[PDB]
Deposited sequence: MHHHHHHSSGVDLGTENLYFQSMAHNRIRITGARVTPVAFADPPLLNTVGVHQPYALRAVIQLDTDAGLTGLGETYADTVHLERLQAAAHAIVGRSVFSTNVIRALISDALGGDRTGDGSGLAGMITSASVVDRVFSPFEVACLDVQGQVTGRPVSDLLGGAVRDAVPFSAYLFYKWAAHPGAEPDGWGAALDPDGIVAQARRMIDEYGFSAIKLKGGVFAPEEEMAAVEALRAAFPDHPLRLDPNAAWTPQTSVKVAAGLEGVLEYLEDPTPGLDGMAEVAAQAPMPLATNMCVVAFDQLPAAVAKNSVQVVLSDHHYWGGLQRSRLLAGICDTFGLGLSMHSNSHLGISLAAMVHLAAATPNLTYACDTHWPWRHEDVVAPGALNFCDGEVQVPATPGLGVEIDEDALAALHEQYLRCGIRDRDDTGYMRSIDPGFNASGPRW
């Protein structure tokens, strides 16, 4: 029942939340005990509210407020206009660099997802129907393995236990795969010497002979080291992700690697694709709607990759059920997204949405068929995680700073090997 056949934005509520995260290691530090996210509730003059989810660093929250103010009074179907208004509001210029356009896309993304959610709700269509329609019923995900301590310093150890060697990594895989059924496995490396990470990979291969395997050391290696690793893992990895820093280095490694190289670090914005393509630095690009500017722009990224002969996967950061629902609709509607998607899901145990719509079964999530994004806010859960945010005092993600608070001389050097 829309006057003037118009459904437009009346305001947005941005709610920062914090949820428990284990001490997962990576090449620059260790995860803090709480990860942060911002929930966007986008309100309209039809009484329909759409959901989006993004980062929650201090500067980002400020940008999210400026954005929320700039788009009041806009149709939820006018997402092109909404991006431009956010660009004007941020005073933006509309490899691996966060350009002004990259900032605009990170700020626009959660509003775009919330807009599509409202679009789906008002039309009776699932979000995947707004993206060309689902091409598969369910979206497969990977088991995202990390070396980890047993506990945050001075806190109760979690149920995972530590993983600091091949045995520990294999036990982690077994527990994760029994609970979720993942049929592909990714190891976060750049933490131990390459030979020890190769050994974890070989051990996973022996324990799970049919699981595709990936390794991502976040550019912790020189090109010369990366080529040795790639030779040593020939026929073992589905792809090698960001072994070494920079497009030139990646191109050098790619020329010698028997498996494809993937990246999320060198290509995080549209303006970075032409150089990545010209240099042959990578064969697979990891999508991520959270920094590419929402779902429609992620579909554009997928079409560009297809056109230029690049494979397509999906990158993840610690996230909750709103992001998960958006990931699933996006992947369901993307013909060339055939790699299993990364997710941090197993690492959290809290959420802001009502349960039931995002069950994993055999490693995959069925795409919801209901109108909109397919999940709804649980206001009590949201208030609780907001309260947790206020009380835990963490205001920015800082893996390195947190590592230094424990080990003051720690450096986030790289490459390390």
Worksheet item: Got a list of the deposited-sequence ranges with no coordinates?
Response: 1 to 21, 116 to 122
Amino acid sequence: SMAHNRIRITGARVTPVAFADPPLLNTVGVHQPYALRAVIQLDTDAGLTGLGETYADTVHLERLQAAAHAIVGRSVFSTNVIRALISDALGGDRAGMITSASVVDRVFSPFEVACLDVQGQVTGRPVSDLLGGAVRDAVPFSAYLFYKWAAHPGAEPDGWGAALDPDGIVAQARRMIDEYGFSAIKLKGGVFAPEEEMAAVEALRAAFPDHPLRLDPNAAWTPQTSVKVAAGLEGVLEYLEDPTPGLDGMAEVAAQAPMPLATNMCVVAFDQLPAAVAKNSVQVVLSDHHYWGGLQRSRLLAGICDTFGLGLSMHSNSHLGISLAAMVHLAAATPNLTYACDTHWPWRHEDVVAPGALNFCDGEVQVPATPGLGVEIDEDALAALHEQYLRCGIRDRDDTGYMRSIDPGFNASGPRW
From here on, numbers count along this sequence of modelled residues.
Discussion item. Highest mean C-alpha temperature factor of the two stretches 172 to 180 and 296 to 304, which is it?
Written reply: 172 to 180
Worksheet item: In the PDB record, does 250 to 258 or 309 to 317 carry the higher mean Cα temperature factor?
Response: 250 to 258
Response to the item:
For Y291, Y147, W221, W160, the deposited C-alpha B-factor is largest at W160
Practice prompt. From the list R125, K188, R205, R136, select the residue with the highest C-alpha B factor recorded in the entry.
Written response: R205
Practice prompt. Consider only the C-alpha atoms of the modelled residues in this chain, order them by B-factor as the entry records it, and name the third containing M2: lowest, middle or highest.
Written response: highest
Practice prompt. Could you say whether, by C-alpha temperature factor, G372 belongs to the lowest, middle or highest third of its chain?
Written response: lowest
Worksheet item: Mind checking which third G409 falls in for C-alpha B-factor across the chain?
Response: highest
Worksheet item: Which third, lowest, middle or highest, does the CA B-factor of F192 fall in along this chain?
Response: middle
Practice prompt. Could you say whether, by C-alpha temperature factor, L240 belongs to the lowest, middle or highest third of its chain?
Written response: middle
